[PDB]
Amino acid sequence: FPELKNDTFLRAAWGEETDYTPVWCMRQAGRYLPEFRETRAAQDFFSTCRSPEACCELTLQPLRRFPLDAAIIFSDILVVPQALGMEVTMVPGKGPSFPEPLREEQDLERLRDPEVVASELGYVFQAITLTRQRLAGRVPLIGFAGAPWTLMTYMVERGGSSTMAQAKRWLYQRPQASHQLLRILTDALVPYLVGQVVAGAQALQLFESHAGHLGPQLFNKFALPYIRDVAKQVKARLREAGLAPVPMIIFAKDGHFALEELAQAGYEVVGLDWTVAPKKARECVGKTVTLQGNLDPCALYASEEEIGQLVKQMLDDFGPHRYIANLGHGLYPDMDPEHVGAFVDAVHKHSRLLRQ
């Protein structure tokens, strides 16, 4: 692979001093880009995901608009449940759906052995390699996957729940079957994530998007052990393969209650949602993890001038060390690309001013 030109993102991830704060945005390849919609109009969603060229193109799109300090591959977290044997449909203007969720412990029987999952996701590896080659060292490439608990919620729920009541019913009523499912997911995720790095990913983000539906006690029993195992096992397998381990990012959305635990879970970076004050997060995690985030994505509905002032405040709170700027969640589909541009320019402008 081509030699990396801008490695600011990796340097911040590992906790090193940099000349400016690196920035990227969750869902930077997304519907808010007119060119994304155009490209996506040509295949259905999961067919797009299975085309290395389409995936590479969508990844590159935001970089052509903004001097983002990292690319993130175009794919989806739900490819893992699908590779485990579940049917997932993209419902027009309504999102992902599993028409046949796991309903009882006996349904675990229709899942693939987790060890065969990486070979089912070869198309994602092809997209990563192609994208790493085409980026030609411009910025690092982030690969990613959903965390076990979050993936479980998609596998068990019949869609669009603000409570995850069915998924949580599993934890309380079927704890053994839940642990079994969470282990299956962990054992699929580890070789998949290793494969992403083998294929060229230079950093990994694990999305625990549904962390907030859990309190501390359930999170520590059912989410945290597997989060920990994913990091331990991936790092170990990369070492054994003779490869360099990549910085790993854990993002537990609405996971304020878990920050201390997450800072000791084997991840270089803890991503934060926008509800956590940067200073309080820094107290929780201490001084040896990098924090990523955390601007309210809706702040990008404000004027470019206002975005700049909000970014300035945010950077003041985080301070210059051990920090990668991002939003507190993904970009929304009605957002203005010029305002995303303003967010990028503002992190770069103010982070320099905060140093020199």
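Note that residue numbering begins at 1 and tracks the sequence as displayed.
In this entry, 281 to 289 has the higher mean Cα B-factor, the comparison being between 78 to 86 and 281 to 289.
The stretch with the higher mean CA B factor, choosing between 104 to 112 and 123 to 131, is 104 to 112.
Looking only at 155, 145, 171, 241, the residue with the top Cα B factor in the deposited structure is 241. Remark: residue 251 belongs to the lowest third of its chain, ranked by C-alpha B-factor as recorded. Placement of the Cα temperature factor of residue 177 within the chain: middle third of the modelled residues, per the deposited record.
Sort the chain's modelled residues by C-alpha temperature factor and residue 15 lands in the highest third, per the entry. In the PDB entry, residue 42 places in the highest third of its chain by CA B-factor. In this PDB entry, the Cα temperature factor of residue 228 sits in the middle third of its chain's modelled residues.
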